[PDB]
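This report refers to the structure that appears directly beneath it.
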Amino acid sequence: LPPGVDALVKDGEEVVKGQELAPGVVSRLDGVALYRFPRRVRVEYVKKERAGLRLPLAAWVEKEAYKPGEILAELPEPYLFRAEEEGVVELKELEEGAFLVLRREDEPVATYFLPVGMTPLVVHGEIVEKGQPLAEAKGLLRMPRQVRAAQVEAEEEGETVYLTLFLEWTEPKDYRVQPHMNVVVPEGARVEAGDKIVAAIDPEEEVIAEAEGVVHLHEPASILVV
Amino acid sequence: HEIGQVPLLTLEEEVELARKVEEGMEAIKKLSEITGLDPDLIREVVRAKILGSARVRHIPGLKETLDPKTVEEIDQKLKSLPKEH
DNA sequence: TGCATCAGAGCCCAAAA
DNA sequence: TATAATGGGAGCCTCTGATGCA
């Protein structure tokens, strides 16, 4: 495989003769494709948290859970989502959508969820006071493609809804594998905290899994069709 | 010409094979411990099955004559091991 | 099937050195 | 027993019979 080019087919995949394995590489025979020494291991970590949101009651669609991509609300006019606590802002941006975490004396006092269609008006590490706008919400706002909503609780106060969302999403982290390291974990494996993913000559060069996640192999040196 | 049909190893491939070879020898030592069997005798049985039925012969160091009967017998003790062993 | 091509088979004795 | 090393190197007559070819 040409250096840096990533494969189309996945480790284990049945392949027909003539099928294209890589941008410039075409398989000459049918059989099972096997990745030859993966250069980059990507671990998608499983995170399950609790985050809040407040919306105009007329703008929100009632549901018990929200699947990825689903429309959460549709706003007739732009809405300023405001902080309900004072704190310093920890901004954590996902692929699409964002997380916002207010903390005062260390201990996080709030976790808010900004879906797509909501542009943060604050930056990481910004001091906010109760009531100042965190994010603008304009038009249709929906769940991001990479993040789900397992449970949706709703309290109604005045003209707004406050959603307490139980959210599940995966955060990618890339690890580089050197020629002297071997991947000891299969594609699609389930790992807990402490499980070894890549091994190396010495202990400080090993890659140990930080928490729960699933493993994906990318950019192999070559593909072996057997 | 025959030499030229085996591609040269990449640094990765070279390290991988060497690594697997070292790990395999450590395994044979370990398999010796578990079974209480001669490490060399075990090694010839392991090696016999990889090279195939083609090459089976008496080994000067082995105490027992090495023939398909004994490698099947010994292989069956190996196939009687618990999953982690 | 009848013709060509090549591999392999030989190339004096005795004397001497 | 440990830098890395990865594909060689050369040459001076006639008959008979089997073998490989239109």
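Ideal geometry is used to build each Cβ from the backbone, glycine not excepted, and the neighbour counts take in all protein chains shown. Please treat every number below as a calculation from the coordinates, not as lab data.
Taking θ as phi - 60° and the Karplus parameters 6.51, -1.76 and 1.60, the scalar couplings of segment A:182-193 work out to 10, 7, 9, 10, x, 4, x, 5, 10, 10, 9, 5 Hz in sequence order, x denoting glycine and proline. Kirkwood radius and radius of gyration were both taken over the C-alpha atoms of segment A:33-99, and their ratio Rg/Rh is 1.12. Applying a DSSP loop filter and a limit of 16 other Cβ atoms within 10 Å to the trypsin sites (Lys or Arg not before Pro) in segment A:114-158 leaves A:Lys130, A:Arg145.
Provide the FRET efficiency to the nearest 0.05 for the A:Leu34-A:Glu90 pair, computing r from the beta carbons and using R0 = 41 Å. Efficiency computed from Cβ-Cβ geometry: 0.45. Note on B:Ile3 and A:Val61: the model spin-label points, each 7 Å out from Cα along the C-beta direction, lie 7.1 nm apart. Springs between alpha-carbon atoms under 10 Å, Gaussian network over chain A: tell me which of A:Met118, A:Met143, A:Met181 tops the mean-square fluctuations. Per the Cα network of chain A with a 10 Å cutoff, A:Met181 tops the list.
Each of B:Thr10, B:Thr35, A:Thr119 was scored by other Cβ atoms within 10 Å of its Cβ. Arranged with the fewest first, they read A:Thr119, B:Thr10, B:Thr35. Restricted to Cα atoms, segment A:1-76 shows a radius of gyration and a Dmax of 22.1, 60 angstrom. Working from the Cα coordinates of chain B, the gyration tensor eigenvalues give, after taking √(5λ), semi-axes of 27, 19, 11 Å in decreasing order. Under the convention that each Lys and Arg Cβ holds +1 and each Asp and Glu Cβ holds -1, the size of the dipole of segment A:19-111 around its Cα centre is about 680 debye. When the Cα convex hull of the protein assembly as shown is projected onto planes of every orientation, the mean area is 25.0 nm². Put simply, segment A:100-226 fits an ellipsoid with semi-axes of 40, 19, 15 Å; these come from the alpha carbon gyration tensor as the roots of five times its eigenvalues, largest first. For segment A:119-125, the Karplus equation 6.51 cos²θ - 1.76 cosθ + 1.60, evaluated at θ = phi - 60°, returns couplings of 9, x, 9, 10, 10, 3, x Hz by residue, with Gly and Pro reported as x. The phi torsions of segment A:100-115, fed into the Karplus equation with coefficients 6.51, -1.76 and 1.60 and a -60° offset, translate into couplings of 10, 10, 8, 9, 10, 5, 5, 3, x, 8, 7, 10, 10, 10, 9, x Hz, rounded to whole numbers, with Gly and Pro shown as x. Per-residue Cβ neighbour counts within 10 Å put A:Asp6, A:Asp202, B:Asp75 in the sequence A:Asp202, A:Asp6, B:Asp75, beginning with the fewest. Spin-label model, B:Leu37/A:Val109: points 7 Å from Cα along the beta carbon direction are separated by 7.0 nm.
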